Amino acid sequence: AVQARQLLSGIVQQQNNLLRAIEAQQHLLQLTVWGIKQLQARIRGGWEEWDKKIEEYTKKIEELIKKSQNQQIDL
Amino acid sequence: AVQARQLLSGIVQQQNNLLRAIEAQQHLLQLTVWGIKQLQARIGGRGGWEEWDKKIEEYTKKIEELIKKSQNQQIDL
Amino acid sequence: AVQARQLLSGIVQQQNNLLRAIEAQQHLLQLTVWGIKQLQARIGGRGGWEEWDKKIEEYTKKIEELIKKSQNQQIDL
């Protein structure tokens, strides 16, 4: 009882740590994407599909993140 | 009992969402790697980046291993 | 009882896998940051990317803090 409570709370707490890390990593990722796009632009045709997949994965990540924020509990 | 199941399942669901996000972030990261690599090629060659290339291969392999590892461990309650 | 332990241990092992993947992705991410910065420096100066650099740093430190914070909370059953 006291055991299981401390265990599950600890588990729940680290889930919030992992999620917060994932969100920060995503913010970092979007910054790198911008940097690349700006470099391709200083030297963007032929990168249409590349742009599309990025948008695809980015949308999915943002969806999953939002879906995780609501699933999240702070015990 | 009812409390335990709901709390546990909720935790299991949360983990599957975190994993899915990690996978999509990995797919996203590999796209940026290529993007950089193609820029480096467009500007002596890609010489001097052999070690850089190495660590990427190292971490990429490790991530993919850990992901597959997490897929086989993951449960869909 | 036997059910709960096996289920809770499985969950904890999964968290360990997810965390390790996040650390490896972070290593990979920092490699991409370097690659970009070196291309920016090889093509006026890196002026105008001050704010960009600052946010990279901001999120990077936050990630590393969150990672270390998760390594402590981490248990191996």
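Residues numbered from 1 in each chain as written, not as in the entry; some residues may be left out. Chains lettered and ligands numbered in written order. Heavy atoms only, no water.

Method-wise, the PDB entry is recorded as coming from X-ray crystallography, at a reported resolution of 2.298 Å.

Observations concerning the interface of chain B and chain A
The interface is formed by 25 residues belonging to chain B together with 32 residues belonging to chain A. The largest per-residue losses of area from chain B upon contact with chain A belong to B:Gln14, B:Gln25 and B:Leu28, which jointly make up 25% of the total buried on that side. Across the contact surface, chain B and chain A share 0 salt bridges. One can count 4 residue pairs in polar contact joining chain B with chain A. For the side of chain B that touches chain A, the residue count by class is 14 nonpolar, 10 polar and 1 charged. (Contact = heavy atoms within 4.5 Å. Buried area = accessible area lost by both parts, 1.4 Å probe. Salt bridge = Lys/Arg side-chain N within 4 Å of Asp/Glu carboxyl O. Polar contact = N/O pair within 3.5 Å; in protein donor to acceptor, adjacent residues only side chain to side chain. Nonpolar A, V, L, I, M, F, W, Y, C, P; charged D, E, K, R; others polar.)

What to know about the packing of aromatic side chains
Under the counting rule described, the total for this entry stands at 3 aromatic pairs over all chains. Measuring from ring centre to ring centre gives 5.2 Å for A:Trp47 and A:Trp50, while their planes differ by 85 degrees; the resulting arrangement is edge-to-face. Residue A:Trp47 shares its accessibility class with A:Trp50, and that shared class is buried. Aromatic side chains B:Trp49 and B:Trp52 sit 5.3 Å apart centroid to centroid with 90 degrees between the ring planes, which places their arrangement in the edge-to-face category. A relative accessible area of 16% places B:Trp49 in the buried class. Residue classification places B:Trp52 among the buried residues on the basis of a relative accessible area of 8%. (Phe/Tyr/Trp six-rings, centres within 6.5 Å; stacked < 30°, edge-to-face > 60°. Buried < 20%, exposed > 50% of the residue type's maximum accessible area, 1.4 Å probe, protein only.)

Focus on the packing of helix α1 (residues 2–41) of chain B against helix α2 (residues 50–73) of chain B
Residues and elements named next belong to chain B. Two elements in contact, α1 and α2, have axes whose closest approach is 11 Å; the angle formed by their N-to-C orientations is 160 degrees. Here α1 lies roughly antiparallel to α2, going by the angle between them. Where α1 crosses over α2, the handedness of that crossing is left-handed. Residues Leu19, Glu23, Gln26, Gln30, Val33, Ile36, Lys37 and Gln40 of α1 form the contact with α2, whose own contacting residues are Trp52, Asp53, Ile56, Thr60, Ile63, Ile67, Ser70 and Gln71. Residues that form the contact of α1 with α2 fall into these classes: 7 nonpolar, 6 polar and 3 charged. (Axes fitted to C-alpha atoms, helices over the stretch in contact; angles between N-to-C directions. Helix = DSSP H or I, 4+ residues; strand = E, 2+ residues; numbered from the N terminus. Parallel < 35°, antiparallel > 145°, perpendicular 65-115°, else oblique. Left-handed = near helix turned anticlockwise from the far one by under 90°.)

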